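J.: The structure under discussion is supplied below as structure tokens; questions concerning it will follow.
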Amino acid sequence: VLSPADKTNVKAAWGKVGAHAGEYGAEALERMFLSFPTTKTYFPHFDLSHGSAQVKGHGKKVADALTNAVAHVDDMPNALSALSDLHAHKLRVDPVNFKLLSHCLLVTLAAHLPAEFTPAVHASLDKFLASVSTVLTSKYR
Amino acid sequence: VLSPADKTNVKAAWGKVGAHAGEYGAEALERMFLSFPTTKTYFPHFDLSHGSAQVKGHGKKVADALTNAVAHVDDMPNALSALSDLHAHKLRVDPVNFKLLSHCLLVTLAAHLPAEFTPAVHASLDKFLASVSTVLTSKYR
Amino acid sequence: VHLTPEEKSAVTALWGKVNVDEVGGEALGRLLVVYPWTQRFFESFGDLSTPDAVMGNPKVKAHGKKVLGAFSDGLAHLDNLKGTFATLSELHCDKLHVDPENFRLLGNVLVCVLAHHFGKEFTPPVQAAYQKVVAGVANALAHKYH
Amino acid sequence: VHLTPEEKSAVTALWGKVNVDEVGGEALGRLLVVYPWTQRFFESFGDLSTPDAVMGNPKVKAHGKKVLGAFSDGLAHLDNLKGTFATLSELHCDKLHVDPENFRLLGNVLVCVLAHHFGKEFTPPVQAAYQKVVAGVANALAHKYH
Ligand code: HEM
Ligand code: HEM
Numbered sequence: 002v003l004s005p006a007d008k009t010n011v012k013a014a015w016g017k018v019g020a021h022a023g024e025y026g027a028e029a030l031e032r033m034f035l036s037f038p039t040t041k042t043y044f045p046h047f048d049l050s051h052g053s054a055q056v057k058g059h060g061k062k063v064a065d066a067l068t069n070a071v072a073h074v075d076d077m078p079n080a081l082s083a084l085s086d087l088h089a090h091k092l093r094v095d096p097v098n099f100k101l102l103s104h105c106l107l108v109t110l111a112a113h114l115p116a117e118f119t120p121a122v123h124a125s126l127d128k129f130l131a132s133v134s135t136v137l138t139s140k141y142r
Numbered sequence: 002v003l004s005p006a007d008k009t010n011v012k013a014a015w016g017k018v019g020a021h022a023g024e025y026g027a028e029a030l031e032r033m034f035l036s037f038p039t040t041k042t043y044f045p046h047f048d049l050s051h052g053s054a055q056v057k058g059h060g061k062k063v064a065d066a067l068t069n070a071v072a073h074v075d076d077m078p079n080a081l082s083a084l085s086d087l088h089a090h091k092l093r094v095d096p097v098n099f100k101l102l103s104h105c106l107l108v109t110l111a112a113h114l115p116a117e118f119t120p121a122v123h124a125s126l127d128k129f130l131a132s133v134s135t136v137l138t139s140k141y142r
Numbered sequence: 002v003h004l005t006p007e008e009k010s011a012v013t014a015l016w017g018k019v020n021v022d023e024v025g026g027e028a029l030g031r032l033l034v035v036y037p038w039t040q041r042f043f044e045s046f047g048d049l050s051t052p053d054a055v056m057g058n059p060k061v062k063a064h065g066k067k068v069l070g071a072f073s074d075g076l077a078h079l080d081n082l083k084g085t086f087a088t089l090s091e092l093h094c095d096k097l098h099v100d101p102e103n104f105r106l107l108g109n110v111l112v113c114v115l116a117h118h119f120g121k122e123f124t125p126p127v128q129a130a131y132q133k134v135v136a137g138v139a140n141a142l143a144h145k146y147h
Numbered sequence: 002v003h004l005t006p007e008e009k010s011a012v013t014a015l016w017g018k019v020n021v022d023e024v025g026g027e028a029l030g031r032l033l034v035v036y037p038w039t040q041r042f043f044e045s046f047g048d049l050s051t052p053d054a055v056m057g058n059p060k061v062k063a064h065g066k067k068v069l070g071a072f073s074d075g076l077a078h079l080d081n082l083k084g085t086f087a088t089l090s091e092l093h094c095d096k097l098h099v100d101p102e103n104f105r106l107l108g109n110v111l112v113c114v115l116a117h118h119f120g121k122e123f124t125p126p127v128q129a130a131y132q133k134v135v136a137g138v139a140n141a142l143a144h145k146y147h
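These protein sequences, in sequence, are chains A, B, C and D.
When you line the first sequence up against the UniProt record's numbering, it's residues 2 to 142, in that order.
When you line the second sequence up against the UniProt record's numbering, it's residues 2 to 142, in that order.
When you line the third sequence up against the UniProt record's numbering, it's residues 2 to 147, in that order.
When you line the fourth sequence up against the UniProt record's numbering, it's residues 2 to 147, in that order.
Structural data, given as structure tokens:
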């Protein structure tokens with residue numbers, strides 16, 4: 002369960018992410034597709050070439066969904082409702098795939114936030130992400 | 002998410018295990034140690050030879066806890082709070098090990114309740130074992 | 002995969018008593034029933050909403066056996082699962098876009114079905130061997146993903 | 002280990018820039034902070050109660066170095082990891098009883114520590130190769146469990 006310190010850690014980290022969030026989300030997707038191709042199976046339609054605009058844009062929707070969840074840290078399950086149906090009902094995305102994307106968000110954030118990516122925040126960001134993935138996977142059957 | 006039909010199947014299935022629950026928890030423990038030897042890392046203080054008093058005895062504790070769960074399915078998290086504090090704070094078992102124990106349980110049930118082990122029953126027990134697992138893995142961090 | 006000769010042996014003996022038509026349908030059918038998302042890839046199969054439909058769908062039962070046939074082929078090339086399943090991998094990845102995590106599930110429902118069939122004859126030791134095969138297979142269908 | 006020479010080359014070039022002293026400490030450190038159930042294995046290490054107790058714990062810092070040493074020594078033998086780590090897998094299994102699943106956490110935590118130190122230089126393709134390396138180290142460390 003996210004804690005107060007957690008909550009606070011995450012607001013300060015994502016806050017620095019600020020405007021570059023769409024960028025960070027697409028970088029995340031790139032790291033994933035490259036480091037774990039199995040994930041590609043869920044995007045047989047995207048153009049996944051380095052620099053793809055289909056990715057950059059999808060990247061942004063993820064970043065935003067994340068900012069939204071940031072903004073409703075206390076009611077995440079109901080804020081993300083819509084996305085949990087999508088991922089778990091229309092798409093049906095195995096939950097391991099979320100661990101993977103999660104991992105790449107962290108690496109991505111770690112590569113862009115030296116001062117910020119401290120052990121305690123790293124621990125907070127991982128909890129948050131597990132939290133989001135848990136919501137987004139909640140209605141699987 | 003345990004649906005009333007799941008619940009109904011879990012009740013209906015277990016009650017057939019009945020006085021064999023103990024004998025079956027043991028077999029599952031046996032199958033797990035043998036199929037997935039890395040789960041053994043958690044039982045170094047045990048004798049894990051074919052049919053050993055510890056495995057037998059520990060088999061009854063697992064089975065018995067499951068029975069507690071069926072009977073209290075409608076409210077599992079409160080009913081297990083204890084067990085849950087034991088497998089997460091002090092013992093701390095990697096969630097993944099639960100998937101292996103649950104799978105072996107089904108092999109056991111599947112192997113002893115031939116008529117009861119229907120596709121739907123199969124299904125429900127899987128959501129059931131999964132639910133127990135989640136309850137048991139919730140209070141780590 | 003590294004399979005003891007006693008294991009290579011435990012496996013075959015049992016396999017030889019396997020009713021291919023019966024077990025192929027139950028595996029494939031329980032997969033769709035127990036892990037519902039899988040249905041997405043088979044939706045050109047027809048009605049698959051309710052258990053009975055899935056377990057009685059002749060397009061399921063038939064594919065079921067095709068699947069077990071390919072399994073049968075891997076039990077004979079255990080020392081070379083990769084070369085056998087190479088085309089099946091490409092297919093599953095390039096055509097059908099199946100996430101390999103679903104292979105484990107099939108592999109495991111498969112173990113569930115055998116245990117259901119053979120009863121006490123499916124001992125813990127026998128199970129460990131099949132657990133190893135079923136994993137080898139999955140890894141093998143996942144090798145040519147890119 | 003499916004590591005194209007191009008992949009193999011990036012790995013090495015990056016690793017030459019690595020301050021193994023420091024990286025080992027950080028990695029083992031974050032592992033104990035981020036997945037604090039992994040602290041049970043090291044109770045001889047003194048205070049682990051706060052992020053700083055850990056990151057600064059000398060026994061942590063020393064052991065981290067040992068760990069990275071074993072790591073570098075695998076990068077000098079990508080082609081026989083199972084052998085390189087055979088004594089060490091065994092030990093972690095038989096004497097320490099560590100769930101091999103923790104080797105993957107360490108690995109991913111390693112990768113985040115590389116990303117933290119190197120920056121944009123830790124590109125998706127270099128990460129990608131690094132993921133192949135940590136997975137192999139991990140598989141190789143679980144290989145002798147029985
Ligand atoms: C189906 C999920 C599980 C349930 C319901 C369950 C239940 C239990 C119970 C009832 C106990 C005895 C605690 C007491 O005194 O009341 C126990 C202990 C224990 N469990 Fe589990 N368990 C489960 C899964 C696991 C798994 C997956 C592992 C690791 C592979 C595990 C490892 C242990 C260990 C090492 C103990 C200590 C036993 C001893 O030291 O004597 N358990 N569990
Ligand atoms: C490792 C176990 C599996 C094996 C050995 C296997 C093997 C096969 C085989 C032999 C074919 C037919 C190739 C042909 O007809 O020429 C096939 C087709 C197919 N496979 Fe798998 N499969 C496995 C698991 C799965 C999984 C779990 C799914 C998805 C849940 C899946 C999805 C499909 C689909 C959608 C087809 C095409 C069927 C059609 O509409 O004609 N496979 N597979």
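Even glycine gets a Cβ: it sits at the ideal position worked out from N, Cα and C.
Report the residue from B/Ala70, B/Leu107 and B/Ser132 whose alpha carbon sits nearest the alpha carbon of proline 120 of chain B.
T.: The residue with the shortest Cα to Cα distance from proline 120 of chain B is B/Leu107.
J.: Between the UniProt domain "Globin" (2-142) of chain B and chain D, which residues of the former have a C-beta closer than 7 Å to a C-beta of the latter?
T.: The residues in question are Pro38, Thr39, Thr42, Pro45, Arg93, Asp95, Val97, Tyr141 and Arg142.
J.: Drop a sphere of 10 angstroms on the beta-carbon of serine 10 of chain C, count the other beta-carbons inside from all chains shown, and report buried for 16 or more, exposed for fewer.
T.: Its Cβ having fewer than 16 others within 10 Å, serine 10 of chain C is exposed.
J.: With distances taken between CB atoms, is the gap from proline 125 of chain D to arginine 142 of chain A smaller than 7 Å?
T.: No, they are not a contact pair.
J.: Taking the CB atoms as reference points, tell me whether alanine 28 of chain D and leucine 111 of chain D lie closer together than 7 Å.
T.: Yes; because the gap between Cβ atoms is below 7 Å, this pair is in contact.
J.: Could you please go through the chain and list the residues whose beta-carbon is closer than 5 Å to any non-hydrogen atom of ligand 1?
T.: Result (chain order): B/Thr40, B/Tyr43, B/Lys62, B/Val63, B/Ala66, B/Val94, B/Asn98, B/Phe99 and B/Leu102.
J.: Short of 7 Å in beta carbon distance, which residues of its chain neighbour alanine 130 of chain D, apart from the five on each side in sequence? Order them along the chain.
T.: Result list for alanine 130 of chain D: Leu4, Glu8, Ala11 and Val12, in chain order.
J.: From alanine 111 of chain A to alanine 29 of chain B, what distance separates their C-alpha atoms?
T.: Near 42 Å, if we compare the C-alpha coordinates of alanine 29 of chain B and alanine 111 of chain A.
J.: For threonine 68 of chain B, which residues from the same chain have a beta carbon less than 8 Å from its beta carbon, with the 5 sequence-adjacent residues on both sides left out?
T.: The residues are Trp15 and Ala22.
J.: Using a beta-carbon distance below 7 Å, is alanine 141 of chain D in contact with chain A?
T.: No, its Cβ sits nowhere closer than 7 Å to a Cβ of chain A.
J.: Looking at ligand 2, does it come within less than 6 Å of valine 61 of chain C, judged from the CB to the closest heavy atom?
T.: No, the Cβ of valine 61 of chain C stays beyond 6 Å of every heavy atom of ligand 2.
J.: Would the C-beta of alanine 71 of chain C count as close to ligand 2, meaning under 6 Å from any of its heavy atoms?
T.: Yes, the beta carbon of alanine 71 of chain C sits closer than 6 Å to at least one heavy atom of ligand 2.
J.: Pull up the distance between the alpha-carbon of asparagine 20 of chain C and that of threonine 39 of chain D, whole angstroms please.
T.: So the two alpha carbons sit approximately 46 Å from each other.
J.: Return no unless some Cβ of chain A is closer than 7 Å to the Cβ of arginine 105 of chain C.
T.: For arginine 105 of chain C, the answer is no, since every Cβ of chain A falls outside 7 Å of its Cβ.
J.: Using C-beta distances below 7 Å, list every residue in its chain close to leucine 101 of chain B, excluding the 5 sequence neighbours before and after it, in chain order.
T.: Around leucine 101 of chain B: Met33, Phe37 and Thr40.
J.: So which residues on chain A does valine 99 of chain C lean against when the C-beta distance must stay under 7 Å?
T.: Going along chain A in sequence order, the residues near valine 99 of chain C (Cβ under 7 Å) are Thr42.
J.: If you run the structure through DSSP and keep just helix, strand and coil, what is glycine 16 of chain B?
T.: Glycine 16 of chain B falls in the helix class under three-state DSSP.
J.: When you compare only the Cα positions, how much space is there between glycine 26 of chain A and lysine 17 of chain A?
T.: One C-alpha to the other measures close to 14 Å.
J.: Give me the Cα-Cα distance between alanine 6 of chain A and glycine 30 of chain C, rounded to the nearest whole angstrom.
T.: Near 47 Å, if we compare the C-alpha coordinates of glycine 30 of chain C and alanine 6 of chain A.
J.: Which chain B residues are close to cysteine 94 of chain C, counting only those with a beta carbon under 8 Å from its beta carbon?
T.: Neighbours of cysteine 94 of chain C on chain B: none; closest Cβ ~24 Å, over 8 Å.
J.: Could you tell me whether the Cβ atoms of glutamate 102 of chain C and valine 94 of chain A are closer together than 7 Å?
T.: No, Cβ-Cβ distance for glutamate 102 of chain C and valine 94 of chain A is not below 7 Å.
J.: Could you tell me if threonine 109 of chain B is buried or exposed, where buried requires 16 or more neighbouring beta carbons within 10 angstroms of its beta carbon?
T.: Label assigned to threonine 109 of chain B: buried.
J.: What does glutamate 102 of chain D touch in chain B if you count any residue whose Cβ is under 7 Å from its own?
T.: The answer, in chain order, is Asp95 and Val97.
J.: Write down the C-beta distance between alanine 89 of chain A and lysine 12 of chain A rounded to the nearest angstrom, noting that I regard them as a contact closer than 8 Å.
T.: Actually they do not touch by this definition, with Cβ atoms about 27 Å apart.
J.: In terms of alpha-carbon separation, which member of B/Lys128, B/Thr135 and B/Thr138 lies closest to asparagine 10 of chain B?
T.: Of the listed residues, the one whose Cα sits closest to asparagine 10 of chain B is B/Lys128.
J.: In three-state terms, what does DSSP make of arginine 31 of chain C?
T.: It is helical.
J.: Fully enclosed by the UniProt domain "Globin" (3-147) of chain C, which alpha helix (DSSP H) runs are 4 residues long or longer?
T.: List check, alpha helix (DSSP H) in window: 6-16, 21-35, 52-57, 59-77, 82-91, 102-119 and 125-143.
J.: Evaluate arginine 105 of chain C with the Cβ neighbour count: other Cβ atoms within 10 Å of its Cβ, from every protein chain shown; 16 or more gives buried, anything less gives exposed.
T.: Buried, by the Cβ-count rule.
J.: Any beta carbon from chain A within less than 7 Å of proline 37 of chain C's own beta carbon?
T.: Yes, because at least one Cβ of chain A sits closer than 7 Å to the Cβ of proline 37 of chain C.
J.: Under three-state DSSP, which class holds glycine 26 of chain A?
T.: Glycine 26 of chain A falls in the helix class under three-state DSSP.
J.: At a cut of 8 Å, does the stretch 133-147 of chain D reach the stretch 86-102 of chain D through at least three beta carbon pairs?
T.: They touch, by the three-pair rule.
J.: Below 9 Å on C-beta distance, what does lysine 121 of chain D contact in chain A?
T.: What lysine 121 of chain D touches in chain A: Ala112 and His113.
J.: Return the CA-CA distance between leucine 81 of chain A and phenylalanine 123 of chain C, expressed in angstroms with no decimal places.
T.: Distance between the alpha carbons of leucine 81 of chain A and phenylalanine 123 of chain C: 45 Å.
J.: When the distance is taken between beta carbons, is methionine 77 of chain A closer than 7 Å to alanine 83 of chain A?
T.: No, Cβ-Cβ distance for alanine 83 of chain A and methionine 77 of chain A is not below 7 Å.
J.: Can you tell me whether DSSP reads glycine 58 of chain A as helix, strand or coil?
T.: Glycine 58 of chain A falls in the helix class under three-state DSSP.
J.: Is the beta carbon of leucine 89 of chain C within less than 6 Å of some heavy atom of ligand 2?
T.: Yes, ligand 2 has a heavy atom inside 6 Å of this Cβ.
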